[PDB]
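The chain contents come next:
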Amino acid sequence: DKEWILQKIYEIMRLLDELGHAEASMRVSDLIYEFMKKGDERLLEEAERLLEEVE
Amino acid sequence: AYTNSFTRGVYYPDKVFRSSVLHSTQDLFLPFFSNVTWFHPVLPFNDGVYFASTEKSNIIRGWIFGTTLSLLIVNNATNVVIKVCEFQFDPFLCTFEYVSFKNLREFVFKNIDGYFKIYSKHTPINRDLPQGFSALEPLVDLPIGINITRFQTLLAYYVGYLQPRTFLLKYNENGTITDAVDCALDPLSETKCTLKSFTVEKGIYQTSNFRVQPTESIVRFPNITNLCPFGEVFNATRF
Amino acid sequence: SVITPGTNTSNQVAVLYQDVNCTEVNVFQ
Amino acid sequence: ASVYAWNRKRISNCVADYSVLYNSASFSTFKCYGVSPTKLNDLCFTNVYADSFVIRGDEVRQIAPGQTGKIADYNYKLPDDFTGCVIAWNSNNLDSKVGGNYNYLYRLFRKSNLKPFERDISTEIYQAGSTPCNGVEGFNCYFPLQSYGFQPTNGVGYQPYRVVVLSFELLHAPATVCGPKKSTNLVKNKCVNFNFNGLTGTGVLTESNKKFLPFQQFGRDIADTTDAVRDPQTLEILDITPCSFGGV
Ligand SMILES: *[C@@H]1O[C@H](CO)[C@@H](O)[C@H](O)[C@H]1NC(C)=O
Ligand SMILES: *[C@@H]1O[C@H](CO)[C@@H](O)[C@H](O)[C@H]1NC(C)=O
Ligand SMILES: *[C@@H]1O[C@H](CO)[C@@H](O)[C@H](O)[C@H]1NC(C)=O
Ligand SMILES: *[C@@H]1O[C@H](CO)[C@@H](O)[C@H](O)[C@H]1NC(C)=O
Ligand SMILES: *[C@@H]1O[C@H](CO)[C@@H](O)[C@H](O)[C@H]1NC(C)=O
Ligand SMILES: *[C@@H]1O[C@H](CO)[C@@H](O)[C@H](O)[C@H]1NC(C)=O
Ligand SMILES: *[C@@H]1O[C@H](CO)[C@@H](O)[C@H](O)[C@H]1NC(C)=O
Ligand SMILES: *[C@@H]1O[C@H](CO)[C@@H](O)[C@H](O)[C@H]1NC(C)=O
């Protein structure tokens, strides 16, 4: 399941660059760094929330 | 081939002005009347090198100094270029970089506490090293911190080696060295250095101390064939 | 000790090794 | 340079006038480590290395000994025993572009932390999952780097900062890098306490009629004491006499 979570956070930041919202992507980038070193899955919810604010 | 160095390879040991005075100093100098190799190849550097050359067409342009042959000194046209780098050069013509028979050129190359010191003299000539006396002055001092054990000359030249000998250097009124005594050359020179004069008055002078030297080394221990039981002390099961 | 005429006469010198036997070092004892 | 591929400039054989940077007032951060920032000018080093890179404002805090984070660990690592001065400044009006400046990159996905002063410039795809990538990006396979989309309208933590860490090499060596030791003025015909390039003492300095050789800096008497000095800036020779004394 963890592999899919990381993939989703990644696809989200990729889209945020495409949409012209580099700041939002940078925020998500930080979620990736932290996620990859922790068991805290709420970082996915944050990546998704940030995308919703942008879209 | 070899030549007679006569009284050459003397340089101003420091940057101190002295006049009308005889100063005794110990430094790395070419010994007087020493045996200098005559090259009409990679050579040892030892404790420092005396280098000299005679020219007709300025065929010698530079030198390589280092270990696993390093720094390169090249006199290309009018501006001498010095670089210290790893090089991939039979050579012929990076923490530091600097840019500046009829003719006799003399150089002294020594490396002390990381500083590569270059002294030199130029004079016109009209066979091998001319007999006479002059002193070489410092021109370049490279703060590199590089080990030198061997060197190579890049294209006649003479190569000698410096030794920790004591010299008596005579300074004239204008601060130049006009005469020198090699204190290890002969008993008369020893007397001159002892009296700190280039002239010795009639008499008997004590100049040194003779000591018979040991030949070989004699070592004697009793007929002990066993080994001390340290294992029973340090690797014991119980203390 | 170095035994010498003044250098204004000659640079020839003689050397005296004090309190030694010559075989240890014109040789005159 | 980018932070992932940071650039190292060697500073050597020169005068390290640190006051040029320290008092410029153009830096937001001028944090030094191991040396007071106001005492740098009195030091000599074997070498100084200037490591140049770009990060975002919220990453500036990572450029320090003992720190962790995607930059401190995956792009630019400083050692716990690191000596040097770290400087940084805001470049939002220089290094940003409309639509986003994506010309500079950092690593986000890494297997392990960097060693001090390590520079990894590899473009190999990172394997995040249990399966091999075999050179192909996709599920659980990512090119380790991510561009910094610096935009002029981003919040401060997301604005670009230029950072130039200065690393000081202080080993046994001949001095190559020394601070801006400055002169005063000259005093003549008076008793003065002097220091000429390390030559020190007290006495009265007067114009001499002595001529030194071009390479000589000072002179001495028969009783190896100094009696004349060359002026380092004028190159004239002055005699040094004792400062008057006697019994009463
Ligand atoms: C140098 O040594 C050689 C012996 O190897 C000798 O024949 C030659 O005369 C010497 N030359 C000088 C200047 O001492
Ligand atoms: C000597 O060589 C250097 C290259 O290392 C070059 O830059 C310099 O101009 C040359 N000097 C002259 C006088 O041609
Ligand atoms: C020079 O050689 C000595 C051994 O003779 C060694 O201990 C020293 O580290 C070397 N220095 C350099 C700069 O290579
Ligand atoms: C010292 O230099 C002057 C020229 O300035 C010269 O006339 C004088 O003879 C020189 N003195 C000696 C001892 O060489
Ligand atoms: C103790 O045993 C080790 C392992 O064989 C050996 O290396 C060591 O020298 C022994 N100590 C002494 C005092 O013999
Ligand atoms: C001493 O040397 C001088 C030359 O400088 C000479 O004129 C004089 O006659 C010499 N005196 C003696 C006793 O030889
Ligand atoms: C020197 O040694 C020899 C023995 O080889 C001895 O006969 C002679 O008397 C000794 N001379 C002196 C001055 O000791
Ligand atoms: C020392 O610096 C001054 C400028 O302040 C200059 O005019 C003078 O010529 C310099 N000294 C020498 C020996 O060039």
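Residues numbered from 1 in each chain as written, not as in the entry; some residues may be left out. Chains lettered and ligands numbered in written order. Part of a larger assembly, values for the part shown. Heavy atoms only, no water. Residues with missing side-chain atoms left out of burial classes, pairs and counts.

1. Remarks on the overall build of chain B
When helices and strands are tallied, chain B shows two helices and 18 strands. Against the globule reference of 18 Å for 239 residues, chain B gives a C-alpha radius of gyration of 24 Å, more extended than a compact globule. With the C-alpha coordinates of chain B rotated into their principal frame, the extents come out at 85 × 60 × 35 Å. (Helix = DSSP H or I, 4+ residues; strand = E, 2+ residues; numbered from the N terminus. Rg over C-alpha atoms; globule rule 2.2 N^0.38 Å.)

2. What to know about the interface of chain B and chain D
Contacts between the two partners involve 17 residues from chain B and, on the opposite side, 14 residues from chain D. Sort the elements by how many residues they give to the side of chain B that touches chain D and strand β13 (residues 137–143) of chain B lands first, with three residues. Residues belonging to the side of chain B that touches chain D are distributed by class as follows: eight nonpolar, five polar and four charged. In this structure, strand β2 (residues 16–17) of chain B lies alongside strand β15 (residues 218–220) of chain D, joined through two bridges in parallel fashion. (Contact = heavy atoms within 4.5 Å. Nonpolar A, V, L, I, M, F, W, Y, C, P; charged D, E, K, R; others polar. Pairing = 2+ DSSP bridges.)

3. Concerning the UniProt feature "disulfide bond" in chain B
All names here are of chain B. A sulfur-sulfur distance of 2.1 Å is found between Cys 85 and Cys 94, whose disulfide is recorded in UniProt, and that is short enough to count the bridge as formed. Between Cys 183 and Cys 193, where UniProt places a disulfide bridge, the two sulfur atoms sit 2.0 Å from each other, close enough for the bridge to exist in this structure. You can see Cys 183 sitting in the loop between β17 (177–182) and α1 (187–194) and its partner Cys 193 sitting in helix α1, a full ten residues away along the chain. (Disulfide = S-S within 2.5 Å. UniProt positions renumbered as here; feature names shortened; annotations may be inferred.)

4. Considering the interface of chain C and chain B
With 16 residues of chain C at the contact, the number on the chain B side is 15 residues. Counting residues per element, the side of chain C that touches chain B draws most heavily on strand β1 (residues 2–4) of chain C, which supplies three residues. Taken together, the residues that form the side of chain C that touches chain B break down as nine nonpolar, six polar and one charged. Pairing analysis gives three bridges linking strand β18 (residues 203–205) of chain B to β1(C), with the strands arranged antiparallel.

5. A look at the sheet that holds β1(C)
Across the sheet, which stays open at both edges, the three strands sit in the order β18(B)-β1(C)-β2(C) with antiparallel pairing between neighbours. Each of the sheet's edge strands pairs with one partner strand only, and the pair in question is β18 of chain B together with β2 (14–15) of chain C. Bridging between β1(C) and β2(C) involves two bridges; their strand directions are antiparallel. Across the sheet, residue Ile3(C) finds its bridge partner in β2(C), namely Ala14(C).

6. Topic: the sheet that holds strand β14 (residues 150–154) of chain B
All names here are of chain B. Reading across the sheet, the six strands line up as β5-β14-β7-β8-β9-β10 and stay open at both edges, with antiparallel pairing between neighbours. Of all strands in the sheet, those with a lone pairing partner are β5 (42–44) and β10 (96–99), marking the two edges. The sheet shows a mean angle of 15° between the axes of neighbouring strands, taken without regard to direction. (Axes fitted to C-alpha atoms, helices over the stretch in contact; angles between N-to-C directions.)

7. Here's the deal with the state of the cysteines
Shown here is the disulfide that connects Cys85(B) with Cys94(B), its sulfur atoms set 2.1 Å apart. Across the S-S bond linking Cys85(B) and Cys94(B), the dihedral sits near 135°, which makes this disulfide right-handed. Shown here is the disulfide that connects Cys191(D) with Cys243(D), its sulfur atoms set 2.0 Å apart. On the sign convention where negative is left-handed, the bridge of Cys191(D) and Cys243(D), at about -120° about the S-S bond, is left-handed. Residue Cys191(D) is located in strand β13 (residues 191–196), and its partner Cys243(D) is located in the segment after β17 (237–241); the two are separated by 52 residues in the primary sequence. For chain D, the bonded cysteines connect in the pattern 1-3, 2-6, 4-5, 7-8 when numbered consecutively along the sequence.

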